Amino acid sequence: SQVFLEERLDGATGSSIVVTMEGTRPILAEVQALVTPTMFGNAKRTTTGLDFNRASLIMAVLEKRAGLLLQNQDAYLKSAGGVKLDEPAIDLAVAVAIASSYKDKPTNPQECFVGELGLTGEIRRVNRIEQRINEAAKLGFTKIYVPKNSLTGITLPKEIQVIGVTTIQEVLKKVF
């Protein structure tokens, strides 16, 4: 947790932490977004470290289901440190980072997000959810948002608050 909190400027917006996997190892990674209005041509969508199309899908869901008006906004996204983010579980952190920059409201650098985001705005389960809460807890994170359907039949550790969520709107209201 500490290496992310030292790198987070005070009240810096447009970033979020994800618990992702390299092989079978769980890794913490920071997702960053910068949204500003488009001037000419198509709205700019430039990414590094995460798929361009995945970001487009996430921005369409955020507009249609959470009302953020992103169609006329340029978006620049990146994963800190050059970590390749290529799995469904990173959707939520990417969505939160975008909303954070759009809302100009920061996230807490001791919290992290795990979940696939469907086109109906739902937060879908992901694999190896137990290592994710464990790695997030073990490295000193206080709160982790996960798909609530991933919580069924699981033993929560008390070191970290585990917030089960089901929709992107529900997440935005808790976080912002």
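In this text, residue numbers run from 1 along the sequence as written.
Peer 1: With respect to the recorded C-alpha B factors, which stretch has the higher mean value, 67-75 or 86-94?
Peer 2: The recorded data point to 67-75.
Peer 1: Would you determine, from the values in the PDB entry, which of 112-120 and 22-30 has the greater average C-alpha temperature factor?
Peer 2: According to the PDB entry, the answer is 22-30.
Peer 1: Which is it among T47, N127, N53, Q131: the one with the largest CA B-factor in the entry?
Peer 2: The listed residue with the largest C-alpha B-factor is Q131.
Peer 1: What third of its chain's C-alpha B-factors does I163 belong to: lowest, middle or highest?
Peer 2: As the PDB entry reports it, the C-alpha B-factor of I163 lands in the middle third of its chain.
Peer 1: Tell me, lowest, middle or highest third: where does the Cα B factor of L139 rank within its chain?
Peer 2: For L139, the deposited C-alpha B-factor lands in the highest third.
Peer 1: For the chain shown, is the CA B-factor of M59 in the lowest, middle or highest third of its modelled residues?
Peer 2: It belongs to the lowest third of the chain when residues are ordered by C-alpha B-factor.
Peer 1: Among the modelled residues of its chain, does the C-alpha B-factor of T13 lie in the lowest, middle or highest third?
Peer 2: CA B-factor rank for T13: middle third.
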